[PDB]
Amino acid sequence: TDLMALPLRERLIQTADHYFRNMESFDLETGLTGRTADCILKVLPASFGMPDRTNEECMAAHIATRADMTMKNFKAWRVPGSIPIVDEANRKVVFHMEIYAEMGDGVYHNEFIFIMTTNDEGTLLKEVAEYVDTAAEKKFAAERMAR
């Protein structure tokens, strides 16, 4: 494909970044793209108590969160100064990210580490691990419940 004609470093970055572009242009029609069938989302740290999720579990969560909290105009950007960290050998890419969205209750805007793992070919995501701001996310969860 056109992905395979790119150098591996570049391919890994494009594949990993796609996760964010997908979130920004998300619709029910197309859903979550550029993931392997068996891809797993892991939410770090363990203390946060979010189990690993399949693509289908992720899609269900995101539809509901967006409805419940009237969220839209998602935008993701790298923390100023940060860079993509790419381990070609291990098919991994590490980003230091901000995610922003408008919602009924104001704005969602949190900071994250994401660790993406691709398939051997560097063309799809097989794992995404995101380390979240536990204090911030526990507050969002409490705003969402009964709200």
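The first residue of the sequence shown is number 1, and the count goes up from there.
Enquirer: Mean CA temperature factor from the deposited coordinates, higher in 11 to 19 or in 131 to 139?
Expert: Stretch with the greater average CA B-factor: 131 to 139.
Enquirer: Which has higher Cα B-factors on average according to the PDB entry: 95 to 103 or 63 to 71?
Expert: Higher of the two, by average CA B-factor, is 63 to 71.
Enquirer: Between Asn110, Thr30, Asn90, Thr36, which carries the biggest CA temperature factor in the record?
Expert: It is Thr30.
Enquirer: Sort the modelled residues of this chain by their C-alpha B factor and say whether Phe114 lands in the lowest, middle or highest third.
Expert: Lowest third - that is where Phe114 ends up once the chain's C-alpha B-factors are sorted.
Enquirer: Grab the CA temperature factor for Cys58 from the record and place it in the lowest, middle or highest third of its chain.
Expert: For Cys58, whose C-alpha B-factor we compare with every modelled residue in the chain, the answer is the middle third.
Enquirer: Where does the C-alpha B-factor of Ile40 rank in its chain, lowest, middle or highest third?
Expert: CA B-factor rank for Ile40: middle third.
Enquirer: Would you mind checking where the Cα B-factor of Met50 ranks among the modelled residues of its chain, as the lowest, middle or highest third?
Expert: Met50: CA B-factor falls in the highest third of its chain.
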